[PDB]
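Below is one structure, written out as structure tokens; the observations come after it.
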2 protein chains.
Amino acid sequence: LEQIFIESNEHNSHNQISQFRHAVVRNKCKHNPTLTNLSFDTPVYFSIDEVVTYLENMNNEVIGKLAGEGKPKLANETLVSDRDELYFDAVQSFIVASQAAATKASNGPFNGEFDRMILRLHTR
Amino acid sequence: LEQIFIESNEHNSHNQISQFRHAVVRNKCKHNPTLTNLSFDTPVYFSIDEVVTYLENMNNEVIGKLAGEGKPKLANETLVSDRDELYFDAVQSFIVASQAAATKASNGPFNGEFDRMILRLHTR
């Protein structure tokens, strides 16, 4: 599975491999918790599209730098505890980050670093 | 690359090749930062003059031994975040050593061992 989807010829993969494994391994649990101690390899139902949404939307996430706002900020100034609750479901739109204090925000850790992943994945 | 440039078989191979490869990675990283995990083999654009200059600076390079100053003994005593950013512009002339703490400076183990290679490369 890792092989077909994901190639490391560019060798920029470390973080994407990590969060990939994170997204997949997470996906399974929601479908049922009756099984326990699940892992990456264990085959139980999971979707590839729902996942690939996660890369796109998490790429360009913005988190508040405002005191007491250490959470992804939405276009309507909303904050979310876990990205998967909505990021998996659908892409989200976030305010642009700015240096000024009035608009003090930080981009997601991966903003602008793995869009290519999705481009190649879809050509696949 | 080894065949053309280095000729370790001639003499004193271990350190020559070691520091050579170290230098090549160090000079490669700077040029192209978009990718990661850039091994020695991987093909990327990289300039060789910079390599020779950086390589000469070592034998030229004089390090400050001041307490809390594990960095070069710069005549103007400037502080640089990265060793390499100072070397790429040109070859620097760090103040010569003296026993006195005010003028104190230090050599290195590699300094004075690469006498022949600078000329051999600059010629080839």
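In the structure tokens, chains take the letters A, B, ... in the order shown, each chain's residues start at 1, and ligands count up from 1 in the order shown.
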Interface residues on chain B facing chain A, 7 Å, only C-alpha atoms, written as a list in words: residues 35, 36 and 37 of chain B
Least-squares superposed chain A, target chain B, every Cα, as a short mmCIF file (atom, residue, chain, number, x, y, z; two decimals) with N, CA, C and O atoms, in the first residue's frame:
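What follows is the written file out.cif:
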data_model
loop_
_atom_site.label_atom_id
_atom_site.label_comp_id
_atom_site.auth_asym_id
_atom_site.auth_seq_id
_atom_site.Cartn_x
_atom_site.Cartn_y
_atom_site.Cartn_z
N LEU A 1 33.15 10.70 -9.69
CA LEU A 1 33.43 12.05 -9.22
C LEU A 1 34.53 12.06 -8.18
O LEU A 1 35.58 12.69 -8.37
N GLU A 2 34.32 11.36 -7.06
CA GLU A 2 35.37 11.30 -6.04
C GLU A 2 36.70 10.94 -6.69
O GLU A 2 37.75 11.45 -6.29
N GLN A 3 36.67 10.06 -7.69
CA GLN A 3 37.90 9.48 -8.21
C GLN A 3 38.70 10.56 -8.92
O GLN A 3 39.87 10.79 -8.61
N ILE A 4 38.07 11.21 -9.90
CA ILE A 4 38.81 12.15 -10.73
C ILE A 4 39.41 13.24 -9.87
O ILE A 4 40.61 13.53 -9.94
N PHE A 5 38.59 13.87 -9.03
CA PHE A 5 39.09 14.96 -8.21
C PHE A 5 40.16 14.46 -7.25
O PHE A 5 41.28 14.99 -7.22
N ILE A 6 39.84 13.43 -6.47
CA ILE A 6 40.54 13.15 -5.23
C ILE A 6 41.23 11.80 -5.37
O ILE A 6 40.57 10.77 -5.57
N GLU A 7 42.55 11.80 -5.20
CA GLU A 7 43.35 10.59 -5.17
C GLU A 7 43.85 10.40 -3.74
O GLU A 7 44.06 11.38 -3.01
N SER A 8 44.06 9.15 -3.34
CA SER A 8 44.52 8.87 -1.99
C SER A 8 45.92 8.28 -1.97
O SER A 8 46.29 7.62 -1.00
N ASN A 9 46.72 8.55 -3.00
CA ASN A 9 48.07 7.99 -3.04
C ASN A 9 48.85 8.47 -1.82
O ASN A 9 49.58 7.70 -1.19
N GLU A 10 48.68 9.74 -1.46
CA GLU A 10 49.30 10.24 -0.25
C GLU A 10 48.70 9.55 0.96
O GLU A 10 49.35 9.44 2.01
N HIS A 11 47.45 9.09 0.84
CA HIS A 11 46.77 8.40 1.92
C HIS A 11 46.63 9.26 3.17
O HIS A 11 46.68 8.75 4.29
N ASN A 12 46.44 10.56 3.00
CA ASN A 12 46.16 11.44 4.13
C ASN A 12 44.71 11.89 4.12
O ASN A 12 44.38 12.93 4.68
N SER A 13 43.84 11.09 3.52
CA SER A 13 42.59 11.60 3.00
C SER A 13 41.44 11.58 3.99
O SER A 13 40.59 12.47 3.92
N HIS A 14 41.44 10.66 4.94
CA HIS A 14 40.26 10.43 5.77
C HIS A 14 39.45 11.69 6.08
O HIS A 14 38.26 11.76 5.74
N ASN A 15 40.10 12.71 6.62
CA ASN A 15 39.34 13.89 7.03
C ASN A 15 38.87 14.65 5.80
O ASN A 15 37.74 15.17 5.78
N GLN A 16 39.69 14.69 4.75
CA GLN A 16 39.35 15.50 3.59
C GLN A 16 38.21 14.83 2.84
O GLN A 16 37.33 15.51 2.32
N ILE A 17 38.24 13.51 2.76
CA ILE A 17 37.11 12.79 2.20
C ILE A 17 35.86 13.13 2.98
O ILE A 17 34.81 13.44 2.41
N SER A 18 35.94 13.07 4.32
CA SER A 18 34.76 13.33 5.13
C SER A 18 34.21 14.72 4.84
O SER A 18 33.03 14.88 4.49
N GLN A 19 35.05 15.74 4.97
CA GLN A 19 34.56 17.11 4.80
C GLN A 19 34.21 17.39 3.35
O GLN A 19 33.36 18.23 3.07
N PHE A 20 34.87 16.72 2.41
CA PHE A 20 34.48 16.83 1.01
C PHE A 20 33.02 16.43 0.89
O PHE A 20 32.19 17.16 0.35
N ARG A 21 32.74 15.19 1.28
CA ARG A 21 31.40 14.66 1.19
C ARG A 21 30.45 15.61 1.90
O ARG A 21 29.34 15.87 1.42
N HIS A 22 30.90 16.16 3.02
CA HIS A 22 30.08 17.11 3.77
C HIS A 22 29.76 18.34 2.93
O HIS A 22 28.61 18.76 2.83
N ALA A 23 30.77 18.91 2.29
CA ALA A 23 30.59 20.15 1.57
C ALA A 23 29.65 19.93 0.40
O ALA A 23 28.68 20.67 0.21
N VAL A 24 29.92 18.89 -0.38
CA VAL A 24 29.09 18.62 -1.54
C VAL A 24 27.66 18.34 -1.09
O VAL A 24 26.72 19.04 -1.50
N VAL A 25 27.47 17.34 -0.24
CA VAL A 25 26.12 16.95 0.16
C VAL A 25 25.37 18.14 0.72
O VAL A 25 24.15 18.27 0.52
N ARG A 26 26.06 19.04 1.43
CA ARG A 26 25.39 20.23 1.92
C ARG A 26 24.98 21.13 0.77
O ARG A 26 23.87 21.68 0.77
N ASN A 27 25.86 21.30 -0.22
CA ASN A 27 25.63 22.33 -1.23
C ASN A 27 24.24 22.19 -1.84
O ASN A 27 23.55 23.19 -2.05
N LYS A 28 23.82 20.96 -2.11
CA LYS A 28 22.62 20.77 -2.90
C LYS A 28 21.41 21.39 -2.24
O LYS A 28 20.57 22.02 -2.90
N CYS A 29 21.29 21.25 -0.92
CA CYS A 29 20.03 21.59 -0.27
C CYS A 29 19.65 23.04 -0.49
O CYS A 29 18.48 23.35 -0.77
N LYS A 30 20.62 23.95 -0.42
CA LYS A 30 20.29 25.38 -0.51
C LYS A 30 19.60 25.69 -1.83
O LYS A 30 18.78 26.61 -1.89
N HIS A 31 19.92 24.95 -2.89
CA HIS A 31 19.42 25.31 -4.21
C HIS A 31 17.93 25.06 -4.28
O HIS A 31 17.21 25.75 -5.01
N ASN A 32 17.45 24.07 -3.54
CA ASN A 32 16.02 23.88 -3.34
C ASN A 32 15.83 22.80 -2.28
O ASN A 32 16.53 21.78 -2.30
N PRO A 33 14.91 22.98 -1.34
CA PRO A 33 14.57 21.91 -0.39
C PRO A 33 13.39 21.05 -0.79
O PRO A 33 12.98 20.19 0.00
N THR A 34 12.82 21.26 -1.98
CA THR A 34 11.61 20.53 -2.34
C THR A 34 11.86 19.04 -2.36
O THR A 34 11.00 18.25 -1.96
N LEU A 35 13.04 18.62 -2.82
CA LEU A 35 13.44 17.24 -2.71
C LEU A 35 13.97 16.98 -1.31
O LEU A 35 14.61 17.84 -0.70
N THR A 36 13.73 15.77 -0.81
CA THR A 36 14.11 15.37 0.54
C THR A 36 14.84 14.04 0.50
O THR A 36 14.70 13.25 -0.44
N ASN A 37 15.63 13.79 1.55
CA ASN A 37 16.43 12.57 1.69
C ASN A 37 17.47 12.46 0.58
O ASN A 37 17.71 11.39 0.02
N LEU A 38 18.08 13.60 0.24
CA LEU A 38 19.14 13.61 -0.75
C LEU A 38 20.41 13.01 -0.18
O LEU A 38 20.59 12.90 1.04
N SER A 39 21.31 12.61 -1.07
CA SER A 39 22.54 11.95 -0.67
C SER A 39 23.69 12.51 -1.50
O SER A 39 23.57 13.52 -2.19
N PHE A 40 24.82 11.81 -1.41
CA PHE A 40 26.03 12.23 -2.10
C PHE A 40 25.89 12.00 -3.59
O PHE A 40 26.24 12.87 -4.40
N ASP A 41 25.38 10.83 -3.98
CA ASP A 41 25.35 10.42 -5.37
C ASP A 41 24.24 11.11 -6.16
O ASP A 41 24.41 11.37 -7.35
N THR A 42 23.11 11.38 -5.52
CA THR A 42 21.95 11.95 -6.20
C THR A 42 22.36 13.19 -7.00
O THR A 42 22.84 14.17 -6.41
N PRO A 43 22.20 13.19 -8.32
CA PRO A 43 22.60 14.35 -9.13
C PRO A 43 21.59 15.49 -9.14
O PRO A 43 20.51 15.39 -9.73
N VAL A 44 21.95 16.59 -8.48
CA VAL A 44 21.21 17.85 -8.49
C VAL A 44 22.25 18.95 -8.48
O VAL A 44 23.41 18.72 -8.12
N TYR A 45 21.86 20.16 -8.87
CA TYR A 45 22.88 21.15 -9.20
C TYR A 45 23.80 21.42 -8.03
O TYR A 45 23.38 21.50 -6.87
N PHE A 46 25.07 21.57 -8.36
CA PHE A 46 26.17 21.91 -7.47
C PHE A 46 27.39 22.40 -8.23
O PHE A 46 27.63 22.03 -9.38
N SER A 47 28.16 23.24 -7.54
CA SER A 47 29.31 23.95 -8.08
C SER A 47 30.60 23.47 -7.44
O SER A 47 30.64 23.20 -6.24
N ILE A 48 31.65 23.37 -8.24
CA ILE A 48 32.93 22.92 -7.73
C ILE A 48 33.78 24.06 -7.16
O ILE A 48 34.47 23.87 -6.16
N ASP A 49 33.71 25.26 -7.75
CA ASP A 49 34.51 26.37 -7.25
C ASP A 49 34.05 26.80 -5.87
O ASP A 49 34.87 26.98 -4.95
N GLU A 50 32.75 27.03 -5.73
CA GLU A 50 32.17 27.39 -4.45
C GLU A 50 32.62 26.42 -3.37
O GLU A 50 32.85 26.80 -2.22
N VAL A 51 32.76 25.15 -3.74
CA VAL A 51 33.21 24.14 -2.78
C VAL A 51 34.68 24.34 -2.46
O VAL A 51 35.08 24.38 -1.29
N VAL A 52 35.52 24.49 -3.49
CA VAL A 52 36.95 24.48 -3.26
C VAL A 52 37.36 25.69 -2.46
O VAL A 52 38.43 25.71 -1.85
N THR A 53 36.50 26.72 -2.43
CA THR A 53 36.73 27.82 -1.50
C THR A 53 36.67 27.33 -0.06
O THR A 53 37.39 27.82 0.82
N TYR A 54 35.78 26.36 0.19
CA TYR A 54 35.55 25.88 1.55
C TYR A 54 36.81 25.26 2.12
O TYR A 54 37.19 25.54 3.26
N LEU A 55 37.50 24.44 1.33
CA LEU A 55 38.74 23.84 1.81
C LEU A 55 39.76 24.92 2.16
O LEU A 55 40.28 24.95 3.28
N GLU A 56 40.03 25.83 1.22
CA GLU A 56 41.02 26.87 1.49
C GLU A 56 40.71 27.57 2.80
O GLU A 56 41.52 27.57 3.73
N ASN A 57 39.52 28.16 2.89
CA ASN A 57 39.24 29.07 4.00
C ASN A 57 39.07 28.32 5.32
O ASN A 57 39.49 28.81 6.37
N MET A 58 38.44 27.14 5.29
CA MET A 58 38.26 26.38 6.51
C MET A 58 39.59 25.88 7.03
O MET A 58 39.74 25.69 8.25
N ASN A 59 40.56 25.64 6.14
CA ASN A 59 41.87 25.20 6.60
C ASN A 59 42.37 26.12 7.70
O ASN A 59 42.75 25.66 8.78
N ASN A 60 42.39 27.43 7.46
CA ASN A 60 43.12 28.34 8.33
C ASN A 60 42.18 29.11 9.25
O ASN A 60 42.40 30.28 9.55
N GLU A 61 41.10 28.46 9.70
CA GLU A 61 40.16 29.11 10.58
C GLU A 61 40.69 29.09 12.01
O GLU A 61 41.46 28.21 12.40
N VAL A 62 40.29 30.08 12.80
CA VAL A 62 40.67 30.19 14.20
C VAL A 62 39.42 30.40 15.03
O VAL A 62 38.55 31.20 14.67
N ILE A 63 39.33 29.67 16.13
CA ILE A 63 38.20 29.67 17.04
C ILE A 63 38.65 30.21 18.37
O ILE A 63 39.76 29.91 18.84
N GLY A 64 37.80 31.02 18.99
CA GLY A 64 38.18 31.64 20.24
C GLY A 64 38.29 30.61 21.35
O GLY A 64 37.44 29.72 21.49
N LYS A 65 39.34 30.74 22.14
CA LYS A 65 39.49 30.01 23.38
C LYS A 65 38.94 30.80 24.55
O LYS A 65 38.81 30.25 25.65
N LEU A 66 38.61 32.07 24.32
CA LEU A 66 38.03 32.91 25.35
C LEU A 66 36.73 32.30 25.83
O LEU A 66 35.93 31.82 25.02
N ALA A 67 36.52 32.31 27.14
CA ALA A 67 35.30 31.76 27.70
C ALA A 67 34.09 32.38 27.02
O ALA A 67 33.98 33.60 26.91
N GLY A 68 33.17 31.53 26.56
CA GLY A 68 32.01 32.01 25.84
C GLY A 68 32.29 32.44 24.42
O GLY A 68 31.45 33.13 23.82
N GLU A 69 33.43 32.05 23.85
CA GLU A 69 33.80 32.41 22.48
C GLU A 69 34.17 31.18 21.66
O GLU A 69 35.07 31.24 20.82
N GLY A 70 33.50 30.05 21.90
CA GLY A 70 33.76 28.84 21.14
C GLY A 70 33.17 28.87 19.75
O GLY A 70 32.22 28.15 19.44
N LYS A 71 33.75 29.71 18.89
CA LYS A 71 33.26 29.94 17.54
C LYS A 71 34.41 30.53 16.74
O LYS A 71 35.32 31.13 17.31
N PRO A 72 34.39 30.38 15.41
CA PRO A 72 35.47 30.98 14.62
C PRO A 72 35.48 32.49 14.80
O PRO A 72 34.47 33.16 14.58
N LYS A 73 36.64 33.04 15.14
CA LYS A 73 36.79 34.47 15.36
C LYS A 73 37.32 35.14 14.09
O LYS A 73 38.23 34.61 13.44
N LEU A 74 36.75 36.29 13.75
CA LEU A 74 37.15 37.04 12.57
C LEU A 74 38.25 38.05 12.91
O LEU A 74 38.65 38.21 14.06
N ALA A 75 38.74 38.74 11.88
CA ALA A 75 39.72 39.80 12.08
C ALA A 75 39.15 40.95 12.90
O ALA A 75 39.91 41.66 13.57
N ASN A 76 37.84 41.15 12.86
CA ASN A 76 37.18 42.15 13.68
C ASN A 76 36.46 41.49 14.85
O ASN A 76 35.48 42.05 15.37
N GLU A 77 36.91 40.31 15.27
CA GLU A 77 36.45 39.63 16.47
C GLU A 77 35.04 39.08 16.30
O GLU A 77 34.33 38.88 17.29
N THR A 78 34.62 38.82 15.06
CA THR A 78 33.30 38.29 14.82
C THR A 78 33.30 36.77 14.88
O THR A 78 34.32 36.11 14.63
N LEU A 79 32.14 36.23 15.22
CA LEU A 79 31.89 34.81 15.40
C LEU A 79 30.77 34.40 14.46
O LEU A 79 29.81 35.15 14.25
N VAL A 80 30.87 33.19 13.90
CA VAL A 80 29.93 32.72 12.89
C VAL A 80 29.40 31.36 13.31
O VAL A 80 30.15 30.51 13.79
N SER A 81 28.09 31.17 13.13
CA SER A 81 27.46 29.92 13.54
C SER A 81 27.84 28.78 12.61
O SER A 81 28.29 27.72 13.05
N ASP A 82 27.68 28.98 11.30
CA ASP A 82 27.96 27.96 10.31
C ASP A 82 28.96 28.53 9.32
O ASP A 82 28.79 29.66 8.85
N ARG A 83 30.01 27.77 9.02
CA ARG A 83 31.05 28.30 8.15
C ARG A 83 30.53 28.49 6.73
O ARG A 83 30.91 29.45 6.05
N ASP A 84 29.64 27.60 6.30
CA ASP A 84 29.18 27.59 4.91
C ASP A 84 28.51 28.90 4.53
O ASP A 84 28.57 29.31 3.36
N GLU A 85 27.86 29.56 5.49
CA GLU A 85 27.17 30.81 5.17
C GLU A 85 28.07 31.82 4.48
O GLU A 85 27.61 32.56 3.61
N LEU A 86 29.35 31.85 4.85
CA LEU A 86 30.28 32.78 4.20
C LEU A 86 31.49 32.04 3.65
O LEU A 86 32.04 32.45 2.62
N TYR A 87 31.94 30.96 4.31
CA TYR A 87 33.14 30.28 3.85
C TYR A 87 32.98 29.81 2.41
O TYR A 87 33.91 29.96 1.60
N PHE A 88 31.83 29.24 2.08
CA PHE A 88 31.56 28.86 0.69
C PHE A 88 31.67 30.08 -0.21
O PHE A 88 32.28 30.02 -1.28
N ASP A 89 31.09 31.20 0.22
CA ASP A 89 30.99 32.37 -0.63
C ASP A 89 32.38 32.93 -0.93
O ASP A 89 32.73 33.14 -2.10
N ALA A 90 33.18 33.18 0.10
CA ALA A 90 34.47 33.82 -0.10
C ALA A 90 35.39 33.49 1.07
O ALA A 90 34.94 33.14 2.16
N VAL A 91 36.69 33.60 0.80
CA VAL A 91 37.70 33.39 1.83
C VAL A 91 37.53 34.46 2.92
O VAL A 91 37.07 35.58 2.66
N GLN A 92 37.91 34.11 4.14
CA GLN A 92 37.87 35.02 5.27
C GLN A 92 39.23 35.07 5.96
O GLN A 92 40.00 34.11 5.92
N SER A 93 39.50 36.21 6.59
CA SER A 93 40.76 36.48 7.27
C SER A 93 40.50 36.46 8.77
O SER A 93 39.59 37.13 9.26
N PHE A 94 41.33 35.70 9.48
CA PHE A 94 41.22 35.48 10.91
C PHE A 94 42.50 35.83 11.64
O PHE A 94 43.61 35.67 11.11
N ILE A 95 42.33 36.31 12.87
CA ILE A 95 43.46 36.71 13.70
C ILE A 95 44.37 35.52 13.94
O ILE A 95 43.93 34.36 13.99
N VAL A 96 45.67 35.79 14.10
CA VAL A 96 46.62 34.72 14.38
C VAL A 96 46.41 34.23 15.80
O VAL A 96 46.12 35.02 16.71
N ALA A 97 46.56 32.92 16.00
CA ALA A 97 46.45 32.37 17.34
C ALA A 97 47.72 32.64 18.14
O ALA A 97 48.82 32.68 17.59
N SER A 98 47.56 32.80 19.45
CA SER A 98 48.69 33.04 20.33
C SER A 98 48.47 32.27 21.62
O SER A 98 47.33 32.00 22.01
N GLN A 99 49.57 31.92 22.28
CA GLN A 99 49.47 31.18 23.54
C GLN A 99 48.90 32.06 24.65
O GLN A 99 48.12 31.59 25.48
N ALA A 100 49.30 33.33 24.68
CA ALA A 100 48.93 34.23 25.76
C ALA A 100 47.42 34.25 25.95
O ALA A 100 46.65 34.05 25.00
N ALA A 101 46.99 34.50 27.19
CA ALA A 101 45.57 34.55 27.47
C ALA A 101 44.91 35.71 26.74
O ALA A 101 43.80 35.58 26.21
N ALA A 102 45.58 36.87 26.70
CA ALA A 102 45.00 38.02 26.02
C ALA A 102 44.70 37.70 24.56
O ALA A 102 43.74 38.23 23.99
N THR A 103 45.52 36.84 23.95
CA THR A 103 45.35 36.47 22.55
C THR A 103 45.18 34.96 22.46
O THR A 103 45.79 34.31 21.61
N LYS A 104 44.36 34.39 23.34
CA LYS A 104 44.17 32.95 23.39
C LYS A 104 43.20 32.51 22.31
O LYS A 104 42.00 32.80 22.37
N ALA A 105 43.71 31.80 21.31
CA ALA A 105 42.90 31.30 20.21
C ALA A 105 43.43 29.94 19.79
O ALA A 105 44.59 29.60 20.06
N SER A 106 42.58 29.15 19.13
CA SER A 106 42.99 27.85 18.63
C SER A 106 42.80 27.83 17.12
O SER A 106 41.83 28.38 16.61
N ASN A 107 43.73 27.20 16.42
CA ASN A 107 43.58 27.11 14.98
C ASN A 107 42.53 26.06 14.63
O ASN A 107 42.19 25.19 15.44
N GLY A 108 42.03 26.15 13.41
CA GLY A 108 41.12 25.16 12.89
C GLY A 108 41.69 23.76 12.93
O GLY A 108 42.90 23.54 12.88
N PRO A 109 40.80 22.77 13.05
CA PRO A 109 41.26 21.37 13.18
C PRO A 109 42.18 20.94 12.06
O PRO A 109 42.94 19.98 12.25
N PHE A 110 42.14 21.60 10.91
CA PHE A 110 42.87 21.15 9.74
C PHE A 110 43.92 22.16 9.28
O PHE A 110 44.55 21.94 8.24
N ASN A 111 44.13 23.23 10.03
CA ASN A 111 45.13 24.23 9.68
C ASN A 111 46.45 23.58 9.32
O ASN A 111 47.08 22.93 10.16
N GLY A 112 46.89 23.77 8.07
CA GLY A 112 48.19 23.30 7.66
C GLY A 112 48.24 21.84 7.26
O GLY A 112 49.33 21.27 7.19
N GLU A 113 47.09 21.22 7.00
CA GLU A 113 47.04 19.79 6.71
C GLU A 113 46.51 19.43 5.33
O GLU A 113 46.82 18.34 4.85
N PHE A 114 45.77 20.32 4.66
CA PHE A 114 45.20 19.97 3.37
C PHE A 114 45.30 21.08 2.32
O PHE A 114 44.59 21.03 1.31
N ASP A 115 46.14 22.09 2.53
CA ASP A 115 46.37 23.06 1.46
C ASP A 115 46.75 22.36 0.16
O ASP A 115 46.29 22.73 -0.92
N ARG A 116 47.61 21.33 0.26
CA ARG A 116 48.01 20.56 -0.91
C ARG A 116 46.81 20.13 -1.73
O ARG A 116 46.90 19.99 -2.96
N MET A 117 45.69 19.85 -1.06
CA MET A 117 44.52 19.35 -1.75
C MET A 117 44.14 20.31 -2.86
O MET A 117 43.93 19.92 -4.01
N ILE A 118 44.12 21.60 -2.52
CA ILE A 118 43.68 22.64 -3.44
C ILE A 118 44.70 22.82 -4.55
O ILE A 118 44.35 23.06 -5.71
N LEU A 119 45.98 22.69 -4.21
CA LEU A 119 47.04 22.87 -5.19
C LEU A 119 46.93 21.82 -6.29
O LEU A 119 46.86 22.14 -7.49
N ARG A 120 46.81 20.56 -5.87
CA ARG A 120 46.64 19.50 -6.85
C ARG A 120 45.31 19.65 -7.58
O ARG A 120 45.23 19.42 -8.79
N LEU A 121 44.25 20.03 -6.86
CA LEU A 121 42.94 20.13 -7.49
C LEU A 121 42.96 21.16 -8.61
O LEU A 121 42.32 20.97 -9.65
N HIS A 122 43.67 22.26 -8.41
CA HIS A 122 43.69 23.30 -9.43
C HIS A 122 44.55 22.87 -10.60
O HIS A 122 44.21 23.13 -11.76
N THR A 123 45.67 22.20 -10.32
CA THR A 123 46.44 21.64 -11.43
C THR A 123 45.59 20.67 -12.23
O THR A 123 45.78 20.51 -13.45
N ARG A 124 44.63 20.01 -11.57
CA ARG A 124 43.65 19.19 -12.27
C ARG A 124 42.64 20.04 -13.05
O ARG A 124 42.19 19.64 -14.13
#
Determine which residues of chain B DSSP labels as strand (DSSP E or B) from the backbone of this structure, then write them out as an MDAnalysis selection string. chainID B and resid 63:64 71:72 106
Export of the given selection (C-alpha atoms) as a compact mmCIF listing (two decimals), in the first residue's frame:
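Result written to part_8.txt:
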# COMPACT_ATOMS: atom_id res chain seq x y z
CA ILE B 63 38.77 29.35 15.82
CA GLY B 64 38.16 31.37 18.95
CA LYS B 71 33.05 29.72 16.98
CA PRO B 72 35.62 31.38 14.68
CA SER B 106 43.16 28.08 17.85
List every residue of chain B that DSSP, applied to the backbone, labels as alpha helix (DSSP H), and write the result as number ranges by chain. B: 13-31, 49-60, 83-89, 115-123
